[PDB]
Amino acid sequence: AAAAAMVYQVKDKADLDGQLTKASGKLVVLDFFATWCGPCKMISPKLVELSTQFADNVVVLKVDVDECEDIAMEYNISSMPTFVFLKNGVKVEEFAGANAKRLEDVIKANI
């Protein structure tokens, strides 16, 4: 539910940087995704749901590793999906795997 998605897909590292500043103080969830990745697609509806539920305190940014290889390399991504949580450019936490409960827990504990 909470359809649509406030899940913006970054186009490049500069675009990501600009997205982070716009996020201001809000918790940022970087979702490293791939269209060919089964677990990544399985967790997508959850991310859409969360983006809407926490629109006031959270910004979900989708990073396609095939299109933004630099970003993936920068955050040393290897597992898919991988969630990196940031606030004011500071890394709060990170974990890999399509775990819906864990994703919501991290956001609830960091807003």
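The first residue of the shown sequence is 1; numbering continues from there.
**OP:** Can you let me know which of the two, 30-38 or 70-78, has the higher average C-alpha B-factor in the entry?
**Re:** Per the deposited B-factors, the answer is 70-78.
Subject >> Residue stretch of maximal mean CA temperature factor, 21-29 vs 91-99 >> reply: Mean B over CA atoms: larger for 21-29.
**OP:** Using the B-factors in the PDB entry, rank residue 49's C-alpha atom against the chain and give the third, lowest, middle or highest.
**Re:** For residue 49, the deposited C-alpha B-factor lands in the lowest third.
**OP:** Compare the C-alpha B factor of residue 109 with those of the other modelled residues in its chain, then answer lowest, middle or highest third.
**Re:** For residue 109, whose C-alpha B-factor we compare with every modelled residue in the chain, the answer is the middle third.
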